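Notes follow the structure.
Each chain gets a letter, A, B and so on, in the order its sequence line appears, and its residues count up from 1.
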Amino acid sequence: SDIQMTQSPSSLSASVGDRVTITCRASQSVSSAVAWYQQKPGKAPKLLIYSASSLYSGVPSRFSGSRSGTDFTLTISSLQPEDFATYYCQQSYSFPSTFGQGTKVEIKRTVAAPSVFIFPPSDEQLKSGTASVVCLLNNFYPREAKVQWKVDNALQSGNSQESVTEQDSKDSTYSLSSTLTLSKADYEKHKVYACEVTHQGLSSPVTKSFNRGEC
Amino acid sequence: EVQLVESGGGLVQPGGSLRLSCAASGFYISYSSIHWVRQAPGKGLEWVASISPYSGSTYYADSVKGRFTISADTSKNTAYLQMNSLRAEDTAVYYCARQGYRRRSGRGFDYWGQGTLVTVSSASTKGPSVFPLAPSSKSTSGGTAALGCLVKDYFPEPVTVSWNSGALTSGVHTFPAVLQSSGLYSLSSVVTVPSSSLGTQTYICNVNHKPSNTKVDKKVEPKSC
RNA sequence: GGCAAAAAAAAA
RNA sequence: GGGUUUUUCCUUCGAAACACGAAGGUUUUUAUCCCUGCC
């Protein structure tokens, strides 16, 4: 008889000033012993709603819960940038306690073009023989943006790793790092290393690069 | 004023044992229920155990008893979690949480520590080699330009990096480490600054990897004019 | 009408 | 039906999910207890 909490939806995205609603269904009766938590990336959850509908002291008025039998919602009346988070519902009606599987709320904002940078490999890293060309897209939106590498204009494949920050607490933008892992042998082999990106803040792809040793 | 502090996690080998501690300050653990709630990398939260006051009665999740055991030493206002028979599925951030006062918050968890990461792996710890990535000046870069430190080949997580020892925090972006095909982690942390002020100031990053026990600070400069 | 007695154990 | 004597159950409270404690609640199982004398 382990109660299961079924949270709806997994991910959603609304603009600022939007009204957004999260739902959880208890597999069986959990009375009203349900809490809601906000968890921002990297730090610990924070209690928003306890006892299914009561607002924990300090939380803004815009977060609210309520219950229809086994159907529990958390509505946030006017989405705000600070509210980008992952939200978890919890039943504490019986042991063991169970969390929902979570809802990752992002934020919709105006298209922001990435500011693109290229950094050559510094050679404490070619002091020990391999190469770290890296690309940077600073503060842009939306997330979905593709970045292509070339090396004397040669399309690259299977030697790229990308990592993108979480969405910002205050302006909602992203940023992304694409890094190409290749030899020292392949780094004096060719001369220039191009990074280009096709994101919809770009008329058509902006490109940045460098020579080897021309600074 | 209330505060909980987890410690004692880290890297352990499969089958190994670990004791987590939870140091409470600003309130007495005897008068509340204390819970351990765990979170895997990128997954959701999983309740693990808790002990209740006066009784001292304990309760466990099915994925963890026979193996985990929760206790509290009230004279050190500290709650522990003894972990034997550890397995890869036990790799997670472990939180210790206080259940709030009934009248004030029902059964909700009103205070959480910041979690201690437990890494169950057969792998051995390696510290990173931090490489700077240098700004682009033309002769000065008219407005703002970017620079950052590459942190490569380390295990396990985490590292922490700080520019001018915490002095510089605006425009920082420490990217989530990604795992190379090598089985080591590597991340980048970048900050943006006015090029106007590029040559008059020095840009330092304090990477730190307590698993390795490596503390390195490398400092960034342009190249030659 | 008015006093007095009496008497073991389970469950929601 | 009305009771006695025992348990449970439920609700509010005690820093309080169980355990312990305080104050409460209106129900019904017993061929497994009593419903008898006196002006």
Side-chain angles (χ1 to χ4, degrees), chain A residues 1-7 24-37 44-59 65-67 69-72 74 88-100, chain B residues 1-6 21-38 45-82 94-113:
Chain A
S1 280
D2 279 21
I3 310 109
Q4 104 186 30
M5 304 296 277
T6 322
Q7 201 166 334
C24 261
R25 186 180 114 101
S27 150
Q28 45 159 284
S29 164
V30 293
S31 147
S32 273
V34 154
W36 297 85
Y37 301 89
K46 290 149 127 37
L47 190 55
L48 297 176
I49 298 285
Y50 67 84
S51 270
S53 54
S54 318
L55 188 85
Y56 180 64
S57 35
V59 176
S66 70
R67 162 209 163 182
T70 40
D71 289 10
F72 300 71
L74 153 68
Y88 289 88
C89 89
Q90 194 219 2
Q91 73 84 4
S92 266
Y93 175 66
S94 165
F95 283 132
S97 148
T98 311
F99 291 79
Chain B
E1 202 157 296
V2 178
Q3 184 165 213
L4 296 161
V5 180
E6 307 91 324
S21 80
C22 172
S25 89
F27 77 100
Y28 289 101
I29 60 167
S30 95
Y31 308 118
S32 320
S33 298
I34 307 291
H35 305 240
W36 288 98
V37 177
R38 87 163 156 211
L45 314 151
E46 182 187 11
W47 182 83
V48 185
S50 96
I51 181 175
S52 35
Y54 306 95
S55 81
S57 301
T58 57
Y59 314 84
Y60 302 88
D62 285 67
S63 43
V64 314
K65 209 290 180 218
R67 324 188 282 125
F68 283 50
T69 167
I70 180 165
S71 81
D73 189 338
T74 54
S75 58
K76 302 194 196 54
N77 209 54
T78 295
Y80 310 94
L81 185 63
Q82 192 84 260
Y94 290 63
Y95 296 91
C96 66
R98 170 189 103 152
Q99 181 183 323
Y101 292 105
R102 198 192 49 114
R103 314 287 306 287
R104 175 146 223 173
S105 95
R107 303 282 185 80
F109 303 174
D110 52 356
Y111 290 93
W112 306 61

Taking the sign of the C1'-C2'-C3'-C4' torsion, positive for north and negative for south, which way does the sugar of [N] pucker?
{"N": "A15(D)", "value": "south"}
{"N": "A23(D)", "value": "north"}
{"N": "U29(D)", "value": "north"}
{"N": "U26(D)", "value": "south"}
{"N": "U12(D)", "value": "north"}

Which whole number of Å gives the distance between the [atom1] atom of [N] and that of [M]?
{"N": "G14(D)", "M": "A8(C)", "atom1": "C1'", "result": "35 Å"}
{"N": "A22(D)", "M": "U7(D)", "atom1": "P", "result": "14 Å"}
{"N": "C18(D)", "M": "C13(D)", "atom1": "P", "result": "13 Å"}
{"N": "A16(D)", "M": "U28(D)", "atom1": "P", "result": "35 Å"}
{"N": "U27(D)", "M": "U11(D)", "atom1": "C1'", "result": "14 Å"}
{"N": "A19(D)", "M": "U36(D)", "atom1": "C1'", "result": "45 Å"}
{"N": "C9(D)", "M": "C34(D)", "atom1": "P", "result": "28 Å"}
{"N": "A5(C)", "M": "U6(D)", "atom1": "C1'", "result": "22 Å"}

Tell me: CZ of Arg103(B) to P of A15(D), nearest whole Å? 11 Å
In whole angstroms, how far is the P atom of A16(D) from the CZ atom of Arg104(B)? 12 Å
Look through every strand shown and name the nucleotide pairing with [N] as Watson-Crick or G-U wobble, where both distances are under 3.5 Å.
{"N": "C33(D)", "answer": "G3(D)"}
{"N": "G14(D)", "answer": "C20(D)"}
{"N": "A4(C)", "answer": "none"}
{"N": "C38(D)", "answer": "none"}
{"N": "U8(D)", "answer": "none"}

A7(C) and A8(C) stacked at 5.5 Å and 30° limits: no
Check whether the six-membered base rings of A22(D) and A23(D) have centres under 5.5 Å apart and planes under 30 degrees from each other. yes
Is there side-chain contact between [X] and [Y], with heavy atoms separated by less than 4.5 Å?
{"X": "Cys24(A)", "Y": "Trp36(A)", "result": "yes"}
{"X": "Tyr37(A)", "Y": "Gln90(A)", "result": "yes"}
{"X": "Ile49(A)", "Y": "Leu55(A)", "result": "yes"}

By side chain to side chain contact (heavy atoms under 4.5 Å, CB included) - contacts of [X] (at least two apart):
{"X": "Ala61(B)", "answer": "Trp47(B), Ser63(B), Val64(B)"}
{"X": "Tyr28(B)", "answer": "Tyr31(B), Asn77(B)"}
{"X": "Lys65(B)", "answer": "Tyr60(B)"}

Return the set of residues passing salt bridge (charged side-chain N to carboxylate O under 4.0 Å, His left out) with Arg67(B) (not counting sequence neighbours), or none when no residue passes. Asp90(B)
Syn or anti: how is [N] classified when any glycosidic angle within 90° of 0 counts as syn?
{"N": "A31(D)", "result": "syn"}
{"N": "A6(C)", "result": "anti"}
{"N": "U4(D)", "result": "syn"}

Residues forming a ring-ring contact (aromatic ring centres under 6.0 Å, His included) with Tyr95(B), sequence neighbours excluded: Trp112(B)
What is the per-nucleotide protein-contact pattern of nucleotides 17-26 of chain D, from the 5' end, where B denotes a base atom under 4.0 Å from a protein heavy atom, S denotes such proximity for sugar-phosphate atoms only, and - denotes neither? BBB-------
Taking the six-membered ring for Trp, are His35(B) and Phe95(A) parallel (under 30°), tilted (30 to 60°) or perpendicular (over 60°)? tilted
